[PDB]
Amino acid sequence: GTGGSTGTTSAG
Amino acid sequence: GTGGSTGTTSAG
Amino acid sequence: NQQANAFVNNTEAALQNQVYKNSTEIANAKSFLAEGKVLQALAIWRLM
Amino acid sequence: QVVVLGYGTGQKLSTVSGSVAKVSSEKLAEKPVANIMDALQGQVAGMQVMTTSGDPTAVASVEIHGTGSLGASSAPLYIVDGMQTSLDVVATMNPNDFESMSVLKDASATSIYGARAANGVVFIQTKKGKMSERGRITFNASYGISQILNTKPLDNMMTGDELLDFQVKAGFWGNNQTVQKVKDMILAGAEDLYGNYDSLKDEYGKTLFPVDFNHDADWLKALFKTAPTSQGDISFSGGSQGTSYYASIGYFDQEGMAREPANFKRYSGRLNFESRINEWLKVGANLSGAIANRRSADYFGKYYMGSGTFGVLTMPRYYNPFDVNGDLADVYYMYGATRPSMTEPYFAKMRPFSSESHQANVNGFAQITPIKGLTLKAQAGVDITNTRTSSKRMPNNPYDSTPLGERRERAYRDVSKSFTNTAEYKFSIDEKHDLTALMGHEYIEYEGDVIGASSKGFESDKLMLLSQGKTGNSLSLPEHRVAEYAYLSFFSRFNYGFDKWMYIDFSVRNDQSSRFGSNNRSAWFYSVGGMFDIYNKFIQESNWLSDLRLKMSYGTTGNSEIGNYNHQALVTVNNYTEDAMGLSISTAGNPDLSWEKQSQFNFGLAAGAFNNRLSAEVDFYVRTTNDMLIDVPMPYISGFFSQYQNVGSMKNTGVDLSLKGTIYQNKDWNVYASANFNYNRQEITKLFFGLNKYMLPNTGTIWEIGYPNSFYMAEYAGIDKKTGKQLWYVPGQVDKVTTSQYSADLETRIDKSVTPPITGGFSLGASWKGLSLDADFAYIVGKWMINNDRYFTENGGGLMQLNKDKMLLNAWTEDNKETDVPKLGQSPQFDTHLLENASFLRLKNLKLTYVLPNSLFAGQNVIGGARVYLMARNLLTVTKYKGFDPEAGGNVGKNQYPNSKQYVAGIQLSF
Amino acid sequence: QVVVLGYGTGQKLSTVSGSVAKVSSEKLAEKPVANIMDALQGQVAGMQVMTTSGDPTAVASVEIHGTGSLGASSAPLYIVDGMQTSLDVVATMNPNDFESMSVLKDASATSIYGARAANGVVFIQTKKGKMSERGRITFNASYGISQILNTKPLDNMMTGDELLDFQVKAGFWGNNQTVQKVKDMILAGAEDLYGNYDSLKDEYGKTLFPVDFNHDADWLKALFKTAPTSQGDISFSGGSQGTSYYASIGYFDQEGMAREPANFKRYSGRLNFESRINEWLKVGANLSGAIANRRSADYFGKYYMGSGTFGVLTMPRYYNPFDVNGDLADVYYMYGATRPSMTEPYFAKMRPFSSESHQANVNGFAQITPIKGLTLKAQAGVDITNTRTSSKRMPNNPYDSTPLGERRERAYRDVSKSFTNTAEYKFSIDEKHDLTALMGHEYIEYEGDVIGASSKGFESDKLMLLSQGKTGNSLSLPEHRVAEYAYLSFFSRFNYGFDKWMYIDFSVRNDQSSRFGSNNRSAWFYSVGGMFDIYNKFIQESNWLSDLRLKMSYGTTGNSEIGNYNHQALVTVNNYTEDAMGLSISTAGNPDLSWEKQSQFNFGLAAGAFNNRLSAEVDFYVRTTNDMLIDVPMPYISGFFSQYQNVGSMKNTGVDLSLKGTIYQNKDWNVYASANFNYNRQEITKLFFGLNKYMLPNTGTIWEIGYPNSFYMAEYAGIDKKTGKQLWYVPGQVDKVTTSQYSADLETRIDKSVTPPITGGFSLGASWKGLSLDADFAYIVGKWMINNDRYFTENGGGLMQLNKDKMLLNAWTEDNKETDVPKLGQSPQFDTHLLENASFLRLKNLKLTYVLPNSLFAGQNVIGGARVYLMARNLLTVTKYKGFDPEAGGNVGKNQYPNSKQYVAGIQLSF
Amino acid sequence: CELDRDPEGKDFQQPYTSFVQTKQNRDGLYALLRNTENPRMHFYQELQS
């Protein structure tokens, strides 16, 4: 699925 | 080589 | 005349086997078949 | 001998009733070309094979018992110890691994490959390795050179000083021009073209002369060379109690004789393995692989000014492609040229090409023998081919239209797989009766695809990836093609034998396929055959006769080499508006698409005299083809232009015979000879909707009912001595009357057939003390061919800038009125005077070998023997053709790649 | 035991000085996953292995003796009976063909794979088949199911009726809104969205309800399922006098547990063959192949609304993707959506994907023994992989942006080849001295490429070839990538042994490569090692001690896992005008690019007591890495931003031990146990141009001199009970003082390392009468991980439409002032409160098997035995992490694919 | 064992299996009617008068 990438994530 | 197709040939 | 026969027979054989998933597609496919019958009648009347 | 025809274990060779022909391993090995079928020209009686090109990457064309169809293919079914292949895949296999090759050609031998065996079947079997105490190593190596067959059509051409005179008298250069005024300035002004280009601005008149009149140039050395060929192999053969293996690794490099590149190079390996596990099971596997790099000369069969053999014949001799040192230069000059024309190594350097093919074959079987006679066999096989080619066009060369470069990449994948499950049972009812029963299942499946991507607009040689082209308008759509099919089958065969003298076999097969139309998809084929040994019952002994057998058979087969998708009404794009697409029917198919059914009746007898010294075999066959495929023209109630259905009928009646013999002089001398012959005449029985004749559009032939398909052209009656014009005959109106005007109503059926009827070959060999010498000859007589290059080399008017024949100097004029050639103001048509007799007799190979004697390797326990051999292929050819090769073509001889003669020398250490 | 470490024949296991660890065939076979390394978690001491995804197409990450480099890779060298491989290629090989697996980890075992063996080497050896009178058939079959490990983070989430209240009190829906006014009309107006679309216009409120408030929905059942797994194999092992074979054909199908598809399926075959030809020659060949179809779940590790485990945690419970029948529907509804959002099987149906990989391995050797001790071996190998993938996007689906479809095709080709030529000689000088000498040559070569072509604009499902797209603006540039390298090497090794008790080996190797810079391309490596048997000389016998050995070694190795093209100054496009291109330098390279040289000192001892009942082994290692690779920041006189040179140093000091033991109760009972442990602490010795600390940009870590690379974040001190804001500590300023304002100057080095130091595992097993039971445990303690999903599930302000934790209901306010969570008007940062303790203890597999007794197969000569087994993988896991899996990740736990527990049951007929 | 293959790259004539196939075949039939019933085909009844 997809739709909006809703991200404030950290770098791996 | 190429340049001019010089043809009045018959069908194979 | 040949291609109208193919289209009308294929749409009838699709409406008989229930391949359309809702009611709007059936209500449109009946109209498409009724459009094909006029083209059959026109292509026969021109030759006659 | 023991032959495995079809399925199940082998019977015998004096028991089979189907006229097979077994070729042993002596005739296949040591050959210096890539195709294995070309070494069989003249061996198997009734099978004609012709290689129509002298490429390393060419493939021979095989036809057993005539051409059985006007409309489909004629090539046989080539299966290799089980699953079937194409000839391009047998060309990636080392021919030292083939143990035998049996050719099955009459029904009740072929008719259990029904719907595929209407054209016979070649059955290639691979080696299995002998069980002994210690294994054996064999190391082969060869080296040879290759060059063009004959340079006879260069004996007829004009020189430079004759062509200038003929051109200026014909008025090509000017109305009031002359030599030393045309020779000096108007065309030795090639310094106006050689002055614009920086690479050869300062080199004209100092180190390269493009126009030279004092002596002519050698265009054969400019367009053809002498090319090497290398080959090597190491093979290990071994066995033990139950287990037996044969491994091999090999290499084969062959370079084409023309200057335009064409090479074939492969590295291959094979591991045949077979081992029995316990008292009731035996497993085995044939594994093979190859990495092959092909390249083929593409500009042969087309007419381009300065390439091929057309460029050797027609390019004028006062142009010079060499420099002053005798080496080939980068460019030469033609008159009126905007750019200088590139020679062949420079054009090979500016247009690279590279192919790489990875081929794998995996074949496996498991065999179970529970009861004393039963044998259950299950066999699977996969055949995988991944090809990857790339061709570019290099940027920034000055002798071109644009300085920008192009690139194209292609990836191919062909995957085939095959399954076969048989169950055999043989048993003896009484002390003198015997029966064998086989039944089985087969499944064939093929799928393959092509992907391609191209780009253009590059400006550097290093920055030539495919994602570095120019966007916008310099980018196009990819390439993508997909094909596939499948076959299912169930077959059965019963072999009933009496005590010694009567054998009768009866077979049947059901085939279904993806190609047959959706109304008749199941096909039934059968065959019945019988052999009677008249020597073992009737005449028990005699002084001169030692064997006599009679046999006869009848069977039905079919030919499903119709297309993959030819039975269904394909719809394509026919848009109505700009937003939505439309689909409309465009081929109409037909559901009743058959498999081109044929039936063959065969009757023969085989004798042997003077205690198997002399041997003879005579065979008479009638092969009737029915339901052939033609794309017919349809009536208007179809609403289409074609239907592509099953109509027509043909029959081939023929006789073939084969003699073998042995002569002696002492206890060490040994001479032998063989000779086989096949005559085959065909006729067309019926056709379309009650037609009698039908000519296929712009082909040159006509299908007339009652005759073979012949040539359909005008007759030629020569010239007249009054006005000197060409005179063609009239069909009918006998008095015969000739007209000078040519129209398309002057065409009639010529009485010369297309496929050659008489095909044969004969061999003779000797042996003295391990030094032997064999010679094989192959002849085809009755073959006519349209010579197309003679349209250009001896026409009066039109195409005047080319080199001509010498027989245009004796042209018809007022003061020279007794000749055979017309005036100069005409244009010759395609008529009977271009048909030439292409019948030939070749010496296929002359081989002189020598095995070193066993006394020389006595103390050495390492090396156990050696062999040396010299071989010459295509040493002589006697014929009446005038086009560098009578074999290279068929119905039309165009700008052709001639067959090549070769000299190889080789060693073989059996250490 | 006999171990082949490196090259030449095996020595012994009580003679080698290099601390190898041999894993027998019991621990590798019967495993239900695709990666073979994951079955070794906790077996080999000092090697930690972690699978960071629960895909079928995932690959474990292995690290022996710590992480040796900050800048290059850490994975070992995996070579498979000769030529080296990747883990993606061992994943296409059947694990029942592996006879052993030895892990070489200290120098003077690894140091003849110099410049490749800085990270150890795993050496996988394949089966060869036993020589007996009749061969043996073995038929394995298995079946299992797979599902998600634990559903613990769903015990913390809100319901629907709690989330509505928290959202309307937080002011997300409106300023003066309320439930039964928000619940009733503003978001149960999903009939305005479900009314536009014809497929679900008449079905809202009758057979599917998108918004449901009376009871919550199950999003775990909507996003994860229970997935099957099948596996089968037939293997034939046989031999004879000299010749020995092992063949095998197998199949393995495994389906992923999530609803978004991920499968791994392969069909494979192997033929190992080895036969001696005569008294001085032996040949052999390992052949293998596979046809593997992979597919992987791509949207894991990214945050998308409604997919993964992020979609299980955060999607609100009052939305409903099912219909009224409990099955998954085509679409569900989110508020404010322009189009309905597709579920996972519909999106898997509308975006197809298909990969097919053809893999071949061909390995061959020939060995010659002329003199009594000499052994000359020549070995060649090819490794060919052709992959072909295709992914499309289907036209005319209504729940999308455009009705047009897209397609993309890709073709991959990886070809590797390797040659190895050794010469060994062993001889005894006296009655008590012994020597062995080996010297050899190696050549490795790899080349591979990718081709890709894409198209778009299709309007029919049938007309989806790649040459049927829309031209003009809907077409783009292809894809094309090419990589290659090569290695040349010459090595030597001497083994001098005294009578029983002293063994000393000394090795050296020279490597050249295409990766090393053009000024130092030749690399020299060496090693020296020694083992002393103190039991066979000093203490000849005792009552409790039965074996005691001491060993020590020192060696230098290197790590050439630098890039293929990192030593040269690449020029790229920098145009000047519009007609001609320009090229300008863009990376600057460096010619002095080394191979990241390291050196290891090792000292250990191995004891064995109570007549080999108890066994212990202790090892102490110091591994110093020098000349690591970092893309350094450069001074301005370079004219560039980076140079990518060799700077730095690191060292890992550690101790590992291993105990094995056997306990009894009777003559038929048999209990055994094992336990191994490894501690490893590292520190960074030096760095760039005199720096002390260096933080890599936006990674989260810091390299400080004197410490391992730790986490570099803010400290967290909780909230205050006055105003209820977040309080971070200050680096320094001890009184410690907290500030409410967050800035990037509040970051310091946390005292928690990145790689986990303590790694171990312990096994215990029992056996009674052919019914056995074994259990293996694996623990990693000291591992911290940033939990990223807790950024979204428990933030006060921002991202309010998602489902939250239950601990936001006890938020800080005026009437509720004694809690641990902040107010609702804030945004949490990445700090210490997201680091969680990811230390775990797993039960790796519990297996209960049973071999049927020999008295049951007495009259039957067909079947010779059988085995039945039950197996449970990942049955228990004890940890303190809160993110569905502590193992799945490293430094950051994102939207992850959890590891799965599996139950399999299998039979094995040895008939 | 089913052994018929559909030609990749073009559709063929059979009973319909969806609605967009029906709509596209109908548009193709109308584009055929466009070229069939032209004014160009009716000049021969007019010139014979």
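The record names cryo-EM as the way this model was obtained, at a resolution of 3.4 Å.

Asker: Teacher, can you tell me more about the overall build of chain C here?
Answerer: Per the secondary structure count, chain C includes two helices and zero strands. Principal-axis analysis of the C-alpha atoms gives chain C an extent of 40 × 15 × 10 Å. In chain C, which comprises 48 residues, the proportion classed as buried is 35%. Summed over its atoms, the accessible surface of chain C is roughly 2,900 Å², and 54% of this surface lies on carbon and sulfur atoms.

Asker: Honestly, the relation of the copies chain E and chain D in this entry has me stumped. Any pointers?
Answerer: The two chain copies are connected by a rotation around an axis plus a translation along it. Of the two same-sequence chains, chain E is brought onto chain D (RMSD 0.0 Å, axial shift 0.0 Å) by a rotation of 180°. With respect to symmetry, the two chain copies, as superposed, fit the operation of a two-fold axis. Looking at chain E, 100% of its interface residues are interface residues in chain D too, so the copies touch through the same face.

Asker: Help me understand the interface of chain C and chain F, please; the structure alone is not making it clear to me.
Answerer: Accessible area lost upon the coming together of the parts is a frequently used measure of interface size. In this assembly, 18 residues from chain C lie in contact with 17 residues from chain F. Interface area lost by chain C to chain F is led by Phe7, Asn10 and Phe32 of chain C, which between them contribute 34%. Taken together, the links from chain C to chain F amount to two salt bridges. One salt bridge in this structure joins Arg26 of chain F and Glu35 of chain C, with 2.8 Å as the shortest N-O distance. The interface formed by chain C and chain F contains five residue pairs in polar contact. Of all the elements in the fold, those that place two or more residues in the side of chain C that touches chain F are helix 1 (2-16) and helix 2 (23-47) of chain C.

Asker: Teacher, can you tell me more about the sheet that holds strand 6 (residues 98-104) of chain D here?
Answerer: Residue and element names in this part refer to chain D. Taken together, the five strands give an open sheet; going across it, the order is 1-6-7-4-5, and neighbouring strands pair in mixed fashion. The open sheet terminates on both sides in strands that have one partner only, identified here as strand 1 (20-23) and strand 5 (84-85). One ladder, built from four bridges, connects strand 1 with strand 6; its direction is antiparallel. Residue pairing in the sheet places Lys22 in a bridge with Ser102 of strand 6.

Asker: Before we go on, may I ask you to explain the pattern of salt bridges in this structure?
Answerer: A side chain of one charge can pair with a side chain of the opposite charge when the charged atoms of the two come close. Counted according to the given criterion, the structure contains 65 salt bridges over all chains. We note a salt bridge from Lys225 of chain D to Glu255 of chain D, for which the minimum N-O separation is 3.0 Å. Here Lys225 of chain D, found in the loop between helix 4 (219-223) and strand 9 (227-239), pairs with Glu255 of chain D, found in strand 10 (residues 244-255); they are 30 residues apart in sequence, far enough to count as distant. The shortest N-O distance in the salt bridge between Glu794 of chain E and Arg790 of chain E comes to 3.0 Å.

Asker: Help me out: how do you make sense of the pairing of strand 6 of chain D in this one?
Answerer: Along a regular strand, successive side chains alternate from one face of the sheet to the other. Residue and element names in this part refer to chain D. The buried count for strand 6 comes to six of seven residues, which makes it a mostly enclosed element. Taken together, the six bridges between strand 6 and strand 7 (residues 121-126) define a ladder with antiparallel strand orientation. The residue of strand 7 that forms the bridge with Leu104 is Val121.

Asker: Would you mind going over the packing of aromatic side chains with me for this structure?
Answerer: Residue and element names in this part refer to chain E. With the rule as written, the count across this model stands at 72 aromatic pairs over all chains. Residues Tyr7 and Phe491 carry aromatic rings whose centres are separated by 4.2 Å and whose planes lie at 20° to one another, so their mutual orientation is stacked. Of this pair, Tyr7 sits in the segment before strand 1 (20-23) while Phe491 sits in strand 19 (residues 479-497), placing them 484 residues apart in sequence. For the residue pair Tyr7 and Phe491, the accessibility class agrees, reading buried in each case. Consider the rings of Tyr303 and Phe310, whose centres lie 4.7 Å apart with planes at 70°: the pair is edge-to-face. Judged on exposure class, the residue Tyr303 and its partner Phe310 are both buried.

Asker: Quick question: what am I supposed to make of the side chain of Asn278 of chain D here?
Answerer: For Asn278 of chain D, the location among the structural elements is in strand 11 (residues 263-278). Discounting residues that sit within four places of it in the chain, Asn278 of chain D has contacts with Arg134 and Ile137 of chain E.

Asker: In this structure, what is going on with the interface of chain E and chain D? I would like to understand it.
Answerer: With 55 residues of chain E in contact, the opposing surface of chain D contributes 55 residues. Of the roughly 4,700 Å² buried between chain E and chain D on both sides combined, carbon and sulfur atoms contribute 68%. Put simply, chain E and chain D have four salt bridges between them. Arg134 of chain D is the salt-bridge partner of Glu279 of chain E, the closest N and O atoms lying 3.4 Å from each other. Taken together, the connections running from chain E to chain D amount to eleven residue pairs in polar contact. For the side of chain E that touches chain D, the secondary-structure elements that each account for two or more residues are strand 8 (136-148), strand 11 (263-278), strand 12 (281-294), strand 15 (353-368), strand 16 (375-393), strand 17 (405-427) and strand 18 (434-458) of chain E. With six residues, strand 11 of chain E is the largest single contributor of residues to the side of chain E that touches chain D.

Asker: Explanation requested: the domain arrangement of chain D in the structure shown.
Answerer: Residues and elements named next belong to chain D. Here the domain parsing of chain D yields domain 1 (1-129) and domain 2 (130-911). Contact between domain 1 and domain 2 buries roughly 8,200 Å² in total, counting both sides, with carbon and sulfur atoms accounting for 49%. The three residues of domain 1 that bury the most area against domain 2 are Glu30, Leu70 and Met83, which together make up 10% of that side's buried surface. Counting across the domain 1 and domain 2 interface gives seven salt bridges. Linking domain 1 with domain 2 are 35 residue pairs in polar contact, by the criterion used here. Contributing elements (two or more residues each) for the side of domain 1 that touches domain 2: strand 2 (47-50), strand 5 and helix 1 (87-90). Examining the composition of the side of domain 1 that touches domain 2, we find that three residues originate from one element, strand 2, more than from any other. When its residues are assigned to classes, the side of domain 1 that touches domain 2 shows 26 nonpolar, 36 polar and 14 charged.

Asker: I'm lost on the sheet that holds strand 23 (residues 570-573) of chain D in this one. Help?
Answerer: Remark on secondary structure: sheet strands pair via backbone hydrogen bonds, oriented parallel or antiparallel. In space, the three strands of this open sheet follow the order 24(D)-23(D)-1(F), with antiparallel pairing throughout. Only two strands of the sheet have a single partner each, and these edge strands are strand 24 (583-585) of chain D together with strand 1 (11-12) of chain F. Note that strand 23 of chain D and strand 1 of chain F share two bridges and pair antiparallel. Looking across to strand 1 of chain F, one finds that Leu570 of chain D is bridged to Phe12 of chain F.

Asker: What exactly am I supposed to notice about a negative patch on the surface here?
Answerer: Residues and elements named next belong to chain D. A contiguous patch of negative charge on the surface is contributed by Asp161, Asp165, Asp216 and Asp218. Mapping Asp216 onto the fold places it in the loop between helix 3 (182-186) and helix 4. Judged by relative accessible area, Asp216 falls into the partly exposed class, the value being 43%.

Asker: What exactly am I supposed to notice about the packing of helix 1 of chain C against helix 2 of chain C here?
Answerer: When two helices pack together, you describe them by how their axes are tilted relative to each other and by the distance separating the axes. Residues and elements named next belong to chain C. Between helix 1 and helix 2, whose axes approach to 9 Å, the crossing angle comes to 155°. With respect to each other, helix 1 and helix 2 are oriented roughly antiparallel. Where helix 1 crosses over helix 2, the two elements pack in a sense that is left-handed. Residues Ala4, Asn5, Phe7, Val8, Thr11, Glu12 and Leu15 of helix 1 lie in contact with helix 2, whose contacting residues are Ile26, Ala29, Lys30, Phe32, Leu33, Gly36, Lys37 and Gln40. Among the residues forming the contact of helix 1 with helix 2, the class breakdown is eight nonpolar, four polar and three charged.

Asker: Just checking my understanding: could you explain the arrangement of the chains for this structure?
Answerer: Counting contacts across all eight pairs of chains that touch, the top-ranked interface belongs to chains D and E. Taking C-alpha atoms as the reference, chain A and chain C come no closer than 24 Å and do not contact one another.

Asker: I tried to follow the packing of helix 2 of chain C against helix 1 (residues 20-36) of chain F on my own but got confused; where do I start?
Answerer: Contact pair helix 2 of chain C / helix 1 of chain F: the axes reach a minimum separation of 11 Å and the direction vectors enclose 25°. The orientation of helix 2 of chain C with respect to helix 1 of chain F, classified from their angle, is roughly parallel. By crossing handedness, the relation of helix 2 of chain C to helix 1 of chain F is classed as left-handed. Of the residues in helix 1 of chain F, those touching helix 2 of chain C at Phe32, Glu35, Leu39 and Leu42 of chain C are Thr22, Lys23, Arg26, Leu29, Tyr30 and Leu33 of chain F. Partitioning the contact of helix 2 of chain C with helix 1 of chain F into residue classes produces six nonpolar, one polar and three charged.

Reading guide: rules and limits
Residues numbered from 1 in each chain as written, not as in the entry; some residues may be left out. Chains lettered and ligands numbered in written order. Part of a larger assembly, values for the part shown. Heavy atoms only, no water. Residues with missing side-chain atoms left out of burial classes, pairs and counts. Helix = DSSP H or I, 4+ residues; strand = E, 2+ residues; numbered from the N terminus. Buried < 20%, exposed > 50% of the residue type's maximum accessible area, 1.4 Å probe, protein only. Areas by Shrake-Rupley, 256 points an atom, 1.4 Å probe, with all protein chains shown as cover. Least-squares fit on C-alpha atoms. Contact = heavy atoms within 4.5 Å. Buried area = accessible area lost by both parts, 1.4 Å probe. Salt bridge = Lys/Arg side-chain N within 4 Å of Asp/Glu carboxyl O. Polar contact = N/O pair within 3.5 Å; in protein donor to acceptor, adjacent residues only side chain to side chain. Pairing = 2+ DSSP bridges. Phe/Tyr/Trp six-rings, centres within 6.5 Å; stacked < 30°, edge-to-face > 60°. Domains from an automatic or database assignment. Nonpolar A, V, L, I, M, F, W, Y, C, P; charged D, E, K, R; others polar. Patch = residues over 30% accessible without salt bridge, like charges linked within 9 Å, V, L, I, M, F, W, Y side chains within 5 Å. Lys, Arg positive; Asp, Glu negative; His and termini not counted. Charge placed at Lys NZ, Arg CZ, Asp CG, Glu CD. Axes fitted to C-alpha atoms, helices over the stretch in contact; angles between N-to-C directions. Parallel < 35°, antiparallel > 145°, perpendicular 65-115°, else oblique. Left-handed = near helix turned anticlockwise from the far one by under 90°.

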